[PDB]
Number of protein chains: 2
Amino acid sequence: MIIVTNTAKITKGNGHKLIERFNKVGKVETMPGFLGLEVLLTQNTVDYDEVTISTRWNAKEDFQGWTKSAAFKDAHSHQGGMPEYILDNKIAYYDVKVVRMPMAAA
Amino acid sequence: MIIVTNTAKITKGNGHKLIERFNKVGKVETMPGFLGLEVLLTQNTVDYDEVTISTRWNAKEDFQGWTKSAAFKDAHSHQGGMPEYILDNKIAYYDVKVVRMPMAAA
Ligand code: HEM
Ligand code: HEM
């Protein structure tokens with residue numbers, strides 16, 4: 001299981017613009033081995049906003065299948081480019097090593 | 001829903017020791033409002049290992065309850081510094097803004 005994150009440093013007060021763009025049903029959710037997408041807003045950021053798009057996958061090849069897909073090319077078409085309010089963008093890949101679920105579900 | 005993340009930069013090759021410490025049943029899974037814990041290993045880190053412990057909570061109050069509990073005290077009795085392979089420690093808090101679950105492609 002892997003998580004792929006795209007973390008955007010955004011000019012203060014503009015985070016909500018990037019969140020609104022992901023706040024809708026899309027195509028990545030239909031891909032094989034997709035397990036979930038979440039959008040996070042970092043707390044306590046002083047001079048900027050930080051918005052994280054996180055996607056979780058059975059395996060890296062499932063993510064790679066999506067980035068080759070047509071729907072990825074359709075969802076990376078009319079973006080209006082990278083918005084001006086985006087100061088910095090980091091991408092990271094994580095291996096999930098331990099998962100500990102609640103007792104209320106056990 | 002919120003996420004609290006502790007990110008440890010570790011001496012390259014020693015990340016498995018921290019992962020191992022969390023690879024067991026603990027007491028945080030028993031806390032009210034706890035929704036899950038996972039441990040991540042960042043890919044393609046050059047000089048070091050990076051291990052992230054992420055915990056998910058229904059509300060900030062639930063996490064606060066946990067940090068005020070005798071279980072958190074006892075787990076953080078410490079009274080002696082961290083292992084020498086732990087180089088740095090960063091804590092972050094996130095608000096979950098959007099959740100998109102897998103969907104049938106039809
Ligand atoms: C490298 C610079 C990148 C920029 C500037 C960028 C920006 C954007 C923007 C503004 C959208 C809105 C269009 C839409 O959501 O339909 C979008 C689509 C999307 N991007 Fe990126 N992105 C980048 C790379 C990435 C990466 C690394 C991921 C990894 C998860 C990713 C995942 C997505 C997803 C899931 C969507 C939505 C597709 C859907 O709705 O099905 N993107 N991108
Ligand atoms: C800032 C300095 C910190 C140090 C030196 C530290 C150190 C430790 C150590 C050595 C353990 C081992 C106890 C065990 O394996 O159960 C532990 C437990 C743990 N710590 Fe930290 N910690 C720190 C902060 C935090 C914070 C702020 C969080 C917030 C989420 C956190 C999350 C956890 C979790 C989830 C556990 C395991 C709880 C369980 O197994 O029931 N740590 N801590």
# chains A, B, ... in the order shown; residues from 1 in each chain; ligands from 1
call {"tool": "residues_near_ligand", "arguments": {"ligand": "ligand 2", "cutoff": "9 Å", "atoms": "only C-alpha atoms and all ligand atoms", "output": "number ranges by chain"}}
result
B: 3-6, 18, 20-31, 37-38, 53-56, 63, 66-67, 71-72, 74-78, 81-83, 89-92
call {"tool": "write_last_selection", "arguments": {"atoms": "N, CA and C atoms", "output": "compact mmCIF listing (two decimals), in the first residue's frame"}}
result
# COMPACT_ATOMS: atom_id res chain seq x y z
N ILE B 3 -6.01 15.21 11.40
CA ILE B 3 -4.85 14.33 11.37
C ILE B 3 -3.70 15.00 12.10
N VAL B 4 -3.00 14.23 12.94
CA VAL B 4 -1.83 14.70 13.66
C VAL B 4 -0.68 13.81 13.26
N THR B 5 0.42 14.43 12.82
CA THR B 5 1.55 13.72 12.24
C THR B 5 2.83 14.11 12.98
N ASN B 6 3.58 13.12 13.42
CA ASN B 6 4.93 13.31 13.93
C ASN B 6 5.88 12.74 12.90
N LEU B 18 12.36 2.63 14.40
CA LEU B 18 11.19 3.38 14.83
C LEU B 18 9.92 2.67 14.39
N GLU B 20 9.51 -0.40 13.96
CA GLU B 20 9.34 -1.56 14.83
C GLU B 20 8.71 -1.17 16.16
N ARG B 21 9.11 -0.02 16.73
CA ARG B 21 8.51 0.40 18.00
C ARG B 21 7.00 0.55 17.90
N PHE B 22 6.49 0.94 16.74
CA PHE B 22 5.06 1.16 16.58
C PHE B 22 4.32 -0.06 16.05
N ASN B 23 5.03 -1.14 15.76
CA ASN B 23 4.44 -2.32 15.14
C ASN B 23 4.02 -3.30 16.23
N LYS B 24 2.96 -2.91 16.93
CA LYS B 24 2.39 -3.67 18.03
C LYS B 24 1.08 -2.99 18.41
N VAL B 25 0.28 -3.67 19.22
CA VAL B 25 -0.94 -3.04 19.71
C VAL B 25 -0.58 -2.10 20.85
N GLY B 26 -1.07 -0.87 20.78
CA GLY B 26 -0.74 0.09 21.81
C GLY B 26 -1.98 0.53 22.56
N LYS B 27 -1.90 1.62 23.32
CA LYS B 27 -3.08 2.09 24.01
C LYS B 27 -3.82 3.18 23.24
N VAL B 28 -3.19 3.81 22.25
CA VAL B 28 -3.88 4.91 21.57
C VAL B 28 -5.12 4.40 20.84
N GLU B 29 -5.09 3.14 20.34
CA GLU B 29 -6.26 2.53 19.69
C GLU B 29 -7.46 2.41 20.61
N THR B 30 -7.27 2.53 21.92
CA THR B 30 -8.38 2.43 22.86
C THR B 30 -9.03 3.78 23.16
N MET B 31 -8.49 4.87 22.62
CA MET B 31 -8.95 6.20 22.99
C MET B 31 -10.26 6.54 22.29
N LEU B 37 -4.31 4.79 13.10
CA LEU B 37 -2.90 5.18 13.14
C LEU B 37 -2.21 4.46 12.01
N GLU B 38 -1.28 5.14 11.34
CA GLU B 38 -0.45 4.46 10.36
C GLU B 38 0.95 5.01 10.44
N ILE B 53 4.55 9.08 11.73
CA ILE B 53 3.48 8.44 12.47
C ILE B 53 2.28 9.36 12.39
N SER B 54 1.20 8.86 11.81
CA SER B 54 0.02 9.65 11.55
C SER B 54 -1.12 9.07 12.39
N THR B 55 -1.85 9.92 13.09
CA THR B 55 -3.04 9.48 13.82
C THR B 55 -4.22 10.34 13.40
N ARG B 56 -5.37 9.70 13.25
CA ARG B 56 -6.57 10.34 12.73
C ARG B 56 -7.62 10.37 13.84
N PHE B 63 -8.19 14.07 20.32
CA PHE B 63 -6.74 14.05 20.44
C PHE B 63 -6.28 14.71 21.73
N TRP B 66 -6.62 12.40 24.53
CA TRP B 66 -5.56 11.40 24.55
C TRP B 66 -4.28 11.95 25.14
N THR B 67 -3.89 13.17 24.76
CA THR B 67 -2.66 13.73 25.31
C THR B 67 -2.76 14.05 26.80
N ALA B 71 -2.41 7.24 29.98
CA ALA B 71 -1.72 6.40 29.01
C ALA B 71 -0.67 7.18 28.24
N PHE B 72 -0.99 8.42 27.83
CA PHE B 72 -0.01 9.26 27.13
C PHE B 72 1.15 9.65 28.04
N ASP B 74 2.29 7.90 30.63
CA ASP B 74 3.14 6.73 30.84
C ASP B 74 3.93 6.39 29.58
N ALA B 75 3.33 6.56 28.40
CA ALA B 75 4.06 6.33 27.15
C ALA B 75 5.13 7.39 26.92
N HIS B 76 5.01 8.55 27.55
CA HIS B 76 5.97 9.64 27.44
C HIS B 76 6.58 9.97 28.79
N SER B 77 6.80 8.93 29.62
CA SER B 77 7.55 9.12 30.86
C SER B 77 8.96 9.60 30.57
N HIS B 78 9.57 9.11 29.48
CA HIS B 78 10.85 9.59 28.98
C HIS B 78 11.91 9.62 30.07
N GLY B 81 16.64 11.19 27.12
CA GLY B 81 16.49 11.63 25.75
C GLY B 81 16.17 10.55 24.73
N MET B 82 15.97 10.97 23.48
CA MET B 82 15.62 10.05 22.41
C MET B 82 16.85 9.27 21.95
N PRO B 83 16.63 8.13 21.28
CA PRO B 83 17.76 7.39 20.69
C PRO B 83 18.62 8.26 19.78
N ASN B 89 12.54 16.02 14.76
CA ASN B 89 11.16 15.65 15.05
C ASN B 89 10.27 16.84 14.74
N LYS B 90 9.30 16.66 13.84
CA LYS B 90 8.36 17.72 13.48
C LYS B 90 6.94 17.21 13.70
N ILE B 91 6.11 18.04 14.31
CA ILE B 91 4.70 17.74 14.54
C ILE B 91 3.88 18.67 13.67
N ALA B 92 2.81 18.14 13.08
CA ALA B 92 1.90 18.95 12.26
C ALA B 92 0.45 18.51 12.51
call {"tool": "calpha_fit_and_write", "arguments": {"fixed": "chain A", "moving": "chain B", "output": "mmCIF file with N, CA and C atoms, in the first residue's frame"}}
result
data_model
loop_
_atom_site.group_PDB
_atom_site.id
_atom_site.type_symbol
_atom_site.label_atom_id
_atom_site.label_comp_id
_atom_site.auth_asym_id
_atom_site.auth_seq_id
_atom_site.Cartn_x
_atom_site.Cartn_y
_atom_site.Cartn_z
ATOM 1 N N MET B 1 0.402 -1.244 -0.402
ATOM 2 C CA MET B 1 -0.382 -0.012 -0.365
ATOM 3 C C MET B 1 0.551 1.186 -0.354
ATOM 4 N N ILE B 2 0.234 2.222 -1.147
ATOM 5 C CA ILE B 2 1.053 3.423 -1.203
ATOM 6 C C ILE B 2 0.177 4.656 -1.099
ATOM 7 N N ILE B 3 0.814 5.770 -0.738
ATOM 8 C CA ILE B 3 0.165 7.074 -0.702
ATOM 9 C C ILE B 3 0.982 8.050 -1.533
ATOM 10 N N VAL B 4 0.296 8.854 -2.348
ATOM 11 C CA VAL B 4 0.920 9.894 -3.153
ATOM 12 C C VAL B 4 0.297 11.209 -2.745
ATOM 13 N N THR B 5 1.138 12.176 -2.402
ATOM 14 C CA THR B 5 0.711 13.442 -1.829
ATOM 15 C C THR B 5 1.274 14.595 -2.651
ATOM 16 N N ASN B 6 0.405 15.512 -3.052
ATOM 17 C CA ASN B 6 0.811 16.781 -3.641
ATOM 18 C C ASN B 6 0.513 17.859 -2.617
ATOM 19 N N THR B 7 1.543 18.594 -2.208
ATOM 20 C CA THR B 7 1.436 19.612 -1.175
ATOM 21 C C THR B 7 1.660 20.976 -1.813
ATOM 22 N N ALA B 8 0.654 21.837 -1.742
ATOM 23 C CA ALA B 8 0.713 23.162 -2.340
ATOM 24 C C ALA B 8 0.800 24.186 -1.224
ATOM 25 N N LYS B 9 1.817 25.048 -1.284
ATOM 26 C CA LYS B 9 1.862 26.240 -0.446
ATOM 27 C C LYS B 9 1.157 27.349 -1.212
ATOM 28 N N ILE B 10 0.210 27.987 -0.546
ATOM 29 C CA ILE B 10 -0.757 28.874 -1.166
ATOM 30 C C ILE B 10 -0.719 30.194 -0.414
ATOM 31 N N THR B 11 -1.028 31.277 -1.126
ATOM 32 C CA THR B 11 -1.131 32.580 -0.492
ATOM 33 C C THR B 11 -2.148 32.522 0.634
ATOM 34 N N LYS B 12 -1.710 32.922 1.832
ATOM 35 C CA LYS B 12 -2.550 32.884 3.024
ATOM 36 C C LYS B 12 -3.922 33.459 2.723
ATOM 37 N N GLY B 13 -4.968 32.730 3.114
ATOM 38 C CA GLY B 13 -6.328 33.131 2.822
ATOM 39 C C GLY B 13 -6.905 32.596 1.521
ATOM 40 N N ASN B 14 -6.083 32.025 0.634
ATOM 41 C CA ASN B 14 -6.565 31.509 -0.647
ATOM 42 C C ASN B 14 -6.661 29.982 -0.680
ATOM 43 N N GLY B 15 -6.322 29.296 0.408
ATOM 44 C CA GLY B 15 -6.358 27.839 0.405
ATOM 45 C C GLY B 15 -7.709 27.249 0.054
ATOM 46 N N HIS B 16 -8.799 27.946 0.406
ATOM 47 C CA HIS B 16 -10.142 27.442 0.134
ATOM 48 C C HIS B 16 -10.408 27.274 -1.360
ATOM 49 N N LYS B 17 -9.705 28.027 -2.215
ATOM 50 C CA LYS B 17 -9.917 27.906 -3.657
ATOM 51 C C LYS B 17 -9.430 26.564 -4.180
ATOM 52 N N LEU B 18 -8.285 26.098 -3.694
ATOM 53 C CA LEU B 18 -7.813 24.789 -4.122
ATOM 54 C C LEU B 18 -8.708 23.696 -3.566
ATOM 55 N N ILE B 19 -9.023 23.768 -2.268
ATOM 56 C CA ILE B 19 -9.947 22.808 -1.667
ATOM 57 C C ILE B 19 -11.234 22.732 -2.478
ATOM 58 N N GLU B 20 -11.752 23.892 -2.896
ATOM 59 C CA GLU B 20 -12.994 23.920 -3.674
ATOM 60 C C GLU B 20 -12.837 23.187 -5.003
ATOM 61 N N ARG B 21 -11.683 23.335 -5.667
ATOM 62 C CA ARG B 21 -11.485 22.635 -6.938
ATOM 63 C C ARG B 21 -11.613 21.123 -6.778
ATOM 64 N N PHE B 22 -11.229 20.585 -5.623
ATOM 65 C CA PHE B 22 -11.272 19.144 -5.417
ATOM 66 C C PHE B 22 -12.559 18.673 -4.760
ATOM 67 N N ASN B 23 -13.463 19.587 -4.428
ATOM 68 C CA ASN B 23 -14.680 19.248 -3.701
ATOM 69 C C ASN B 23 -15.808 18.988 -4.697
ATOM 70 N N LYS B 24 -15.684 17.852 -5.371
ATOM 71 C CA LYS B 24 -16.625 17.400 -6.387
ATOM 72 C C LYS B 24 -16.232 15.977 -6.746
ATOM 73 N N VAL B 25 -17.107 15.294 -7.473
ATOM 74 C CA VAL B 25 -16.766 13.958 -7.949
ATOM 75 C C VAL B 25 -15.866 14.097 -9.166
ATOM 76 N N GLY B 26 -14.748 13.378 -9.163
ATOM 77 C CA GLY B 26 -13.826 13.487 -10.274
ATOM 78 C C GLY B 26 -13.693 12.164 -10.993
ATOM 79 N N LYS B 27 -12.672 12.013 -11.827
ATOM 80 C CA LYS B 27 -12.484 10.737 -12.494
ATOM 81 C C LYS B 27 -11.497 9.829 -11.777
ATOM 82 N N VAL B 28 -10.680 10.358 -10.862
ATOM 83 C CA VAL B 28 -9.683 9.491 -10.229
ATOM 84 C C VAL B 28 -10.360 8.398 -9.408
ATOM 85 N N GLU B 29 -11.540 8.684 -8.823
ATOM 86 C CA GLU B 29 -12.312 7.682 -8.080
ATOM 87 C C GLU B 29 -12.727 6.494 -8.931
ATOM 88 N N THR B 30 -12.677 6.615 -10.252
ATOM 89 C CA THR B 30 -13.059 5.512 -11.124
ATOM 90 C C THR B 30 -11.884 4.612 -11.494
ATOM 91 N N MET B 31 -10.669 4.947 -11.063
ATOM 92 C CA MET B 31 -9.481 4.230 -11.504
ATOM 93 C C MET B 31 -9.343 2.900 -10.765
ATOM 94 N N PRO B 32 -8.930 1.835 -11.450
ATOM 95 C CA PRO B 32 -8.723 0.561 -10.751
ATOM 96 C C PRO B 32 -7.598 0.694 -9.737
ATOM 97 N N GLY B 33 -7.820 0.140 -8.548
ATOM 98 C CA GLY B 33 -6.814 0.149 -7.502
ATOM 99 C C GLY B 33 -6.804 1.403 -6.657
ATOM 100 N N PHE B 34 -7.650 2.381 -6.981
ATOM 101 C CA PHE B 34 -7.795 3.584 -6.176
ATOM 102 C C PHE B 34 -8.468 3.247 -4.856
ATOM 103 N N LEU B 35 -7.928 3.755 -3.750
ATOM 104 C CA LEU B 35 -8.505 3.457 -2.450
ATOM 105 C C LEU B 35 -9.020 4.683 -1.724
ATOM 106 N N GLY B 36 -8.834 5.871 -2.253
ATOM 107 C CA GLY B 36 -9.414 7.010 -1.570
ATOM 108 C C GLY B 36 -8.558 8.230 -1.798
ATOM 109 N N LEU B 37 -9.204 9.377 -1.768
ATOM 110 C CA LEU B 37 -8.565 10.679 -1.903
ATOM 111 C C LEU B 37 -9.045 11.534 -0.750
ATOM 112 N N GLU B 38 -8.150 12.337 -0.180
ATOM 113 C CA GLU B 38 -8.585 13.308 0.807
ATOM 114 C C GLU B 38 -7.784 14.581 0.620
ATOM 115 N N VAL B 39 -8.384 15.687 1.039
ATOM 116 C CA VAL B 39 -7.779 17.007 0.956
ATOM 117 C C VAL B 39 -7.668 17.544 2.374
ATOM 118 N N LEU B 40 -6.479 18.018 2.731
ATOM 119 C CA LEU B 40 -6.130 18.409 4.083
ATOM 120 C C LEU B 40 -5.729 19.876 4.079
ATOM 121 N N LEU B 41 -6.027 20.554 5.175
ATOM 122 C CA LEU B 41 -5.586 21.923 5.429
ATOM 123 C C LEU B 41 -4.745 21.884 6.694
ATOM 124 N N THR B 42 -3.448 22.189 6.579
ATOM 125 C CA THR B 42 -2.577 22.203 7.751
ATOM 126 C C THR B 42 -3.015 23.300 8.714
ATOM 127 N N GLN B 43 -2.984 22.992 10.010
ATOM 128 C CA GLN B 43 -3.304 23.974 11.040
ATOM 129 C C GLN B 43 -2.087 24.828 11.398
ATOM 130 N N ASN B 44 -2.361 26.040 11.890
ATOM 131 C CA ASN B 44 -1.339 26.931 12.455
ATOM 132 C C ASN B 44 -0.195 27.200 11.483
ATOM 133 N N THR B 45 -0.516 27.406 10.210
ATOM 134 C CA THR B 45 0.481 27.887 9.261
ATOM 135 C C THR B 45 0.456 29.406 9.281
ATOM 136 N N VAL B 46 1.635 30.010 9.366
ATOM 137 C CA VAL B 46 1.728 31.431 9.670
ATOM 138 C C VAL B 46 1.551 32.263 8.403
ATOM 139 N N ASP B 47 2.550 32.224 7.519
ATOM 140 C CA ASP B 47 2.596 33.098 6.352
ATOM 141 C C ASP B 47 1.656 32.673 5.231
ATOM 142 N N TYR B 48 1.092 31.473 5.287
ATOM 143 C CA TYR B 48 0.529 30.879 4.086
ATOM 144 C C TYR B 48 -0.502 29.834 4.469
ATOM 145 N N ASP B 49 -1.214 29.358 3.458
ATOM 146 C CA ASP B 49 -2.068 28.189 3.574
ATOM 147 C C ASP B 49 -1.323 26.999 2.991
ATOM 148 N N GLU B 50 -1.546 25.815 3.554
ATOM 149 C CA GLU B 50 -0.913 24.629 3.005
ATOM 150 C C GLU B 50 -1.989 23.583 2.776
ATOM 151 N N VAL B 51 -2.182 23.206 1.521
ATOM 152 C CA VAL B 51 -3.244 22.283 1.136
ATOM 153 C C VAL B 51 -2.591 21.042 0.570
ATOM 154 N N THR B 52 -2.979 19.886 1.100
ATOM 155 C CA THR B 52 -2.398 18.609 0.724
ATOM 156 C C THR B 52 -3.498 17.791 0.073
ATOM 157 N N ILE B 53 -3.230 17.290 -1.123
ATOM 158 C CA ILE B 53 -4.119 16.334 -1.766
ATOM 159 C C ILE B 53 -3.437 14.985 -1.697
ATOM 160 N N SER B 54 -4.083 14.045 -1.031
ATOM 161 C CA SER B 54 -3.516 12.739 -0.779
ATOM 162 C C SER B 54 -4.360 11.708 -1.516
ATOM 163 N N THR B 55 -3.717 10.806 -2.242
ATOM 164 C CA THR B 55 -4.428 9.701 -2.880
ATOM 165 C C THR B 55 -3.783 8.388 -2.468
ATOM 166 N N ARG B 56 -4.611 7.385 -2.214
ATOM 167 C CA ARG B 56 -4.164 6.108 -1.688
ATOM 168 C C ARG B 56 -4.424 5.032 -2.743
ATOM 169 N N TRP B 57 -3.468 4.122 -2.930
ATOM 170 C CA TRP B 57 -3.534 3.156 -4.026
ATOM 171 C C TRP B 57 -3.113 1.779 -3.536
ATOM 172 N N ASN B 58 -3.704 0.749 -4.138
ATOM 173 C CA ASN B 58 -3.350 -0.600 -3.730
ATOM 174 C C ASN B 58 -1.890 -0.890 -4.037
ATOM 175 N N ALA B 59 -1.399 -0.399 -5.172
ATOM 176 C CA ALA B 59 -0.027 -0.651 -5.590
ATOM 177 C C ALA B 59 0.456 0.522 -6.420
ATOM 178 N N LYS B 60 1.780 0.652 -6.517
ATOM 179 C CA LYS B 60 2.354 1.694 -7.363
ATOM 180 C C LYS B 60 1.874 1.569 -8.807
ATOM 181 N N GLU B 61 1.628 0.345 -9.268
ATOM 182 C CA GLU B 61 1.206 0.159 -10.648
ATOM 183 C C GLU B 61 -0.138 0.825 -10.892
ATOM 184 N N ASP B 62 -1.031 0.798 -9.894
ATOM 185 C CA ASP B 62 -2.354 1.399 -10.071
ATOM 186 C C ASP B 62 -2.255 2.908 -10.254
ATOM 187 N N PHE B 63 -1.423 3.561 -9.443
ATOM 188 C CA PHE B 63 -1.184 4.983 -9.626
ATOM 189 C C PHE B 63 -0.555 5.257 -10.984
ATOM 190 N N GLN B 64 0.434 4.448 -11.370
ATOM 191 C CA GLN B 64 1.032 4.613 -12.691
ATOM 192 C C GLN B 64 -0.016 4.484 -13.794
ATOM 193 N N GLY B 65 -0.893 3.484 -13.696
ATOM 194 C CA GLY B 65 -1.992 3.389 -14.642
ATOM 195 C C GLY B 65 -2.762 4.686 -14.743
ATOM 196 N N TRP B 66 -3.098 5.278 -13.594
ATOM 197 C CA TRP B 66 -3.888 6.506 -13.592
ATOM 198 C C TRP B 66 -3.148 7.644 -14.281
ATOM 199 N N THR B 67 -1.851 7.801 -14.008
ATOM 200 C CA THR B 67 -1.111 8.888 -14.647
ATOM 201 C C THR B 67 -0.945 8.672 -16.149
ATOM 202 N N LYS B 68 -1.073 7.437 -16.626
ATOM 203 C CA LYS B 68 -0.996 7.122 -18.047
ATOM 204 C C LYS B 68 -2.342 7.180 -18.752
ATOM 205 N N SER B 69 -3.411 7.513 -18.038
ATOM 206 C CA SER B 69 -4.758 7.428 -18.579
ATOM 207 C C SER B 69 -5.148 8.709 -19.307
ATOM 208 N N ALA B 70 -6.079 8.572 -20.258
ATOM 209 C CA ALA B 70 -6.608 9.753 -20.936
ATOM 210 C C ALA B 70 -7.236 10.727 -19.948
ATOM 211 N N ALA B 71 -7.798 10.213 -18.852
ATOM 212 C CA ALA B 71 -8.412 11.085 -17.856
ATOM 213 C C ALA B 71 -7.381 11.995 -17.189
ATOM 214 N N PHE B 72 -6.197 11.459 -16.862
ATOM 215 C CA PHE B 72 -5.142 12.281 -16.268
ATOM 216 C C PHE B 72 -4.608 13.307 -17.260
ATOM 217 N N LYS B 73 -4.400 12.888 -18.512
ATOM 218 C CA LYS B 73 -4.042 13.815 -19.580
ATOM 219 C C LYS B 73 -5.018 14.984 -19.636
ATOM 220 N N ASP B 74 -6.312 14.678 -19.768
ATOM 221 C CA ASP B 74 -7.315 15.729 -19.927
ATOM 222 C C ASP B 74 -7.401 16.615 -18.689
ATOM 223 N N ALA B 75 -7.256 16.030 -17.495
ATOM 224 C CA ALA B 75 -7.239 16.829 -16.271
ATOM 225 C C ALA B 75 -5.986 17.688 -16.162
ATOM 226 N N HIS B 76 -4.922 17.326 -16.875
ATOM 227 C CA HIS B 76 -3.668 18.065 -16.884
ATOM 228 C C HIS B 76 -3.339 18.553 -18.287
ATOM 229 N N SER B 77 -4.375 18.939 -19.042
ATOM 230 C CA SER B 77 -4.148 19.595 -20.326
ATOM 231 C C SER B 77 -3.392 20.905 -20.143
ATOM 232 N N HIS B 78 -3.673 21.625 -19.053
ATOM 233 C CA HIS B 78 -2.924 22.810 -18.645
ATOM 234 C C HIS B 78 -2.778 23.812 -19.782
ATOM 235 N N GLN B 79 -1.669 23.717 -20.527
ATOM 236 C CA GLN B 79 -1.335 24.656 -21.605
ATOM 237 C C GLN B 79 -1.433 26.103 -21.131
ATOM 238 N N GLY B 80 -1.149 26.313 -19.852
ATOM 239 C CA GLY B 80 -1.288 27.594 -19.197
ATOM 240 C C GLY B 80 -0.984 27.400 -17.730
ATOM 241 N N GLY B 81 -0.116 28.244 -17.179
ATOM 242 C CA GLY B 81 0.399 28.053 -15.836
ATOM 243 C C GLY B 81 -0.635 27.986 -14.729
ATOM 244 N N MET B 82 -0.169 27.751 -13.510
ATOM 245 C CA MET B 82 -1.047 27.618 -12.363
ATOM 246 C C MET B 82 -1.546 28.984 -11.901
ATOM 247 N N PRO B 83 -2.648 29.014 -11.140
ATOM 248 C CA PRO B 83 -3.110 30.281 -10.556
ATOM 249 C C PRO B 83 -2.026 30.981 -9.754
ATOM 250 N N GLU B 84 -2.149 32.301 -9.619
ATOM 251 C CA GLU B 84 -1.083 33.071 -8.994
ATOM 252 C C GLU B 84 -1.003 32.851 -7.488
ATOM 253 N N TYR B 85 -2.047 32.307 -6.858
ATOM 254 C CA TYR B 85 -1.949 32.090 -5.419
ATOM 255 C C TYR B 85 -1.238 30.791 -5.060
ATOM 256 N N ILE B 86 -0.921 29.945 -6.036
ATOM 257 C CA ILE B 86 -0.163 28.725 -5.774
ATOM 258 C C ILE B 86 1.323 29.074 -5.824
ATOM 259 N N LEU B 87 1.985 29.036 -4.665
ATOM 260 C CA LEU B 87 3.363 29.497 -4.529
ATOM 261 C C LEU B 87 4.383 28.402 -4.742
ATOM 262 N N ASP B 88 4.027 27.157 -4.436
ATOM 263 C CA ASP B 88 4.968 26.049 -4.512
ATOM 264 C C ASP B 88 4.185 24.743 -4.514
ATOM 265 N N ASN B 89 4.826 23.696 -5.023
ATOM 266 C CA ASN B 89 4.175 22.405 -5.219
ATOM 267 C C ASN B 89 5.205 21.317 -4.951
ATOM 268 N N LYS B 90 4.922 20.434 -3.995
ATOM 269 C CA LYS B 90 5.802 19.320 -3.669
ATOM 270 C C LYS B 90 5.021 18.019 -3.788
ATOM 271 N N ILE B 91 5.629 17.022 -4.419
ATOM 272 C CA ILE B 91 5.054 15.693 -4.560
ATOM 273 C C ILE B 91 5.877 14.735 -3.716
ATOM 274 N N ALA B 92 5.204 13.802 -3.042
ATOM 275 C CA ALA B 92 5.888 12.783 -2.244
ATOM 276 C C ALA B 92 5.170 11.442 -2.386
ATOM 277 N N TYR B 93 5.920 10.353 -2.225
ATOM 278 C CA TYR B 93 5.395 8.992 -2.282
ATOM 279 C C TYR B 93 5.720 8.272 -0.978
ATOM 280 N N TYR B 94 4.759 7.505 -0.467
ATOM 281 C CA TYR B 94 4.929 6.804 0.788
ATOM 282 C C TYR B 94 4.517 5.355 0.610
ATOM 283 N N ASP B 95 5.270 4.466 1.239
ATOM 284 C CA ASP B 95 4.868 3.080 1.409
ATOM 285 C C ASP B 95 4.237 2.935 2.787
ATOM 286 N N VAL B 96 3.069 2.304 2.832
ATOM 287 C CA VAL B 96 2.384 2.035 4.090
ATOM 288 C C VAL B 96 2.967 0.781 4.722
ATOM 289 N N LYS B 97 3.555 0.939 5.910
ATOM 290 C CA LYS B 97 4.272 -0.119 6.611
ATOM 291 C C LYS B 97 3.452 -0.788 7.699
ATOM 292 N N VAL B 98 2.645 -0.021 8.422
ATOM 293 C CA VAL B 98 1.842 -0.518 9.525
ATOM 294 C C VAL B 98 0.492 0.173 9.434
ATOM 295 N N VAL B 99 -0.576 -0.581 9.678
ATOM 296 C CA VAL B 99 -1.920 -0.038 9.820
ATOM 297 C C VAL B 99 -2.517 -0.599 11.098
ATOM 298 N N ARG B 100 -2.893 0.281 12.018
ATOM 299 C CA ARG B 100 -3.534 -0.123 13.271
ATOM 300 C C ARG B 100 -4.921 0.509 13.344
ATOM 301 N N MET B 101 -5.962 -0.322 13.201
ATOM 302 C CA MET B 101 -7.361 0.111 13.195
ATOM 303 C C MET B 101 -7.903 0.187 14.620
ATOM 304 N N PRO B 102 -9.026 0.896 14.830
ATOM 305 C CA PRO B 102 -9.618 0.956 16.174
ATOM 306 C C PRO B 102 -9.937 -0.437 16.700
ATOM 307 N N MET B 103 -9.813 -0.593 18.018
ATOM 308 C CA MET B 103 -10.039 -1.863 18.695
ATOM 309 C C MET B 103 -10.855 -1.644 19.962
ATOM 310 N N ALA B 104 -11.794 -2.553 20.222
ATOM 311 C CA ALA B 104 -12.540 -2.522 21.475
ATOM 312 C C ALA B 104 -11.583 -2.592 22.662
ATOM 313 N N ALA B 105 -11.834 -1.750 23.669
ATOM 314 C CA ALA B 105 -10.920 -1.632 24.801
ATOM 315 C C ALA B 105 -10.924 -2.852 25.719
ATOM 316 N N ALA B 106 -11.835 -3.804 25.520
ATOM 317 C CA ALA B 106 -11.881 -5.008 26.354
ATOM 318 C C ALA B 106 -10.907 -6.073 25.850
#
call {"tool": "select_by_dssp", "arguments": {"residues": "chain B", "states": "strand (DSSP E)", "output": "PyMOL selection string"}}
result
chain B and resi 2-11+34-42+48-57+86-100
call {"tool": "select_by_dssp", "arguments": {"residues": "range 5-106 of chain A", "states": "helix (DSSP H, G or I)", "output": "VMD selection string"}}
result
chain A and resid 15 to 22 28 to 30 60 to 68 70 to 74
